[PDB]
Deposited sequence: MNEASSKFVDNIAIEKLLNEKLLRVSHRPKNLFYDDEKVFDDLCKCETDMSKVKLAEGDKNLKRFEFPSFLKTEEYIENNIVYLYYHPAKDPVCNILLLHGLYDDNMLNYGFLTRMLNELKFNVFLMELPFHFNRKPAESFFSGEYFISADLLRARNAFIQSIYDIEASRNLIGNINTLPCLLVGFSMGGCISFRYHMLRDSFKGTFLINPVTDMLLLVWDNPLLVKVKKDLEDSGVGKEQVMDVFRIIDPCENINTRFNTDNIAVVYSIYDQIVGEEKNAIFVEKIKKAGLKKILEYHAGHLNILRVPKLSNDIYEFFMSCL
């Protein structure tokens, strides 16, 4: 892709998101009490109850209970999972989208191309997004990252339990192997799930978010979330702390498989930027990841890039 073109896509999407959405709402931090001690000890144990699954159809959608209820936000306690089956499939992909996404159709080029390479694609809705959005929320994803930091922290945690649920579900549909694929924030989430659980053949991150500690302080989409917090007397250190347990790099010294995880980043990426990527890259090398691919794209336009499907296929087929 072209440089200036890629930069333009990213920048007008930032501006639209800020102006139509993120600058029009406001949120309070509330109770910053949390215990990190046992946060994923359940995770291996959880099992999707097949009696409580539903399948809704023109286009196919599994619905099932999220293992983590949020009683306040009733619409979010169901996970939705869009089934895009391949003809003669070799593998399942579980595909997670980015933050504040509100348009499933942006993933169709990828979904299709992967479907041609003989992948089933399951696309999971992230907590507080799409049909998981609470009716009082102004837009898809608002409640996921807002100055309600405990809610943000719990939404990230929930996503991880939802991957598990989705995985367990998928295991009952067929016995094919599974890949976890995460775009942007879905990438950061998938990274964390990978460290916690060896339930996928491998994991492929696509222009992931690189650091949840600093995300709110530096990411330009989050400029008013930071302000909300600064006016509430919440400082940098508190924010970093609340996200420590959910951040991949912060926990990167744990015991996990570093051979079956591939990462793509994009050199024109305006959302993440080149500095955060260079830091992310250095830290993931120091931990022993190898499959790292530079793309000549920005953050969003990469979803329309043909090569992406092919690298995911190479990765499925590679030495792990």
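Checklist entry - What gaps appear when the modelled C-alpha atoms are mapped onto the deposited sequence? => result Deposited residues absent from the model fall in 58 to 60 alone.
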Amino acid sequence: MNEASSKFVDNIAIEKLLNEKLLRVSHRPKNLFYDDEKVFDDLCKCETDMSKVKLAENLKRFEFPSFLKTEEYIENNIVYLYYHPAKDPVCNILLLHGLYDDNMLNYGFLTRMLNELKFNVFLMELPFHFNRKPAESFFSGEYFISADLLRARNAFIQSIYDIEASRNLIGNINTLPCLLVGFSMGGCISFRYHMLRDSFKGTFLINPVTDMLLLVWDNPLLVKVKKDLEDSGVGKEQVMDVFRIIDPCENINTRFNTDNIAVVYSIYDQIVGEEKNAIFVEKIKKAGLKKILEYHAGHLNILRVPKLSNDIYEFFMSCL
From here on, numbers count along this sequence of modelled residues.
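Item to check | Comparing 63 to 71 with 290 to 298, the one whose average Cα B-factor in the PDB entry is higher | outcome: Between 63 to 71 and 290 to 298, it is 63 to 71 that shows the higher mean C-alpha B-factor.
Checklist entry - For the C-alpha atoms alone, is the average B factor greater in 202 to 210 or in 224 to 232, going by the entry? => result Between 202 to 210 and 224 to 232, it is 224 to 232 that shows the higher mean C-alpha B-factor.
Item to check | Selection from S51, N251, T258, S266 [criterion: highest C-alpha temperature factor in the record] | outcome: Of the options given, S51 has the highest CA B-factor in the PDB entry.
Checklist entry - Going by the entry, which of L215, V90, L126, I189 has the most elevated CA B factor? => result Most elevated C-alpha B-factor of the set, per the entry: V90.
Item to check | Among modelled residues of the same chain, the CA temperature factor third for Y100 | outcome: Its C-alpha B-factor belongs to the lowest third of this chain's values.
Next on the checklist: Quick check for you: using the entry's CA B-factors within this chain, is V25 in the lowest, middle or highest third?
Outcome noted: For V25, whose C-alpha B-factor we compare with every modelled residue in the chain, the answer is the highest third.
Item to check | Cα B factor band for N174 (lowest, middle or highest third within the chain) | outcome: Highest third of the chain for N174's C-alpha B-factor.
Checklist entry - Thinking about Cα B factors across the chain, which third does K118 belong to? => result According to the entry, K118 has a C-alpha B-factor in the chain's highest third.
Item to check | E164 CA temperature factor, ranked by third within the chain | outcome: It falls in the bottom third of the chain.
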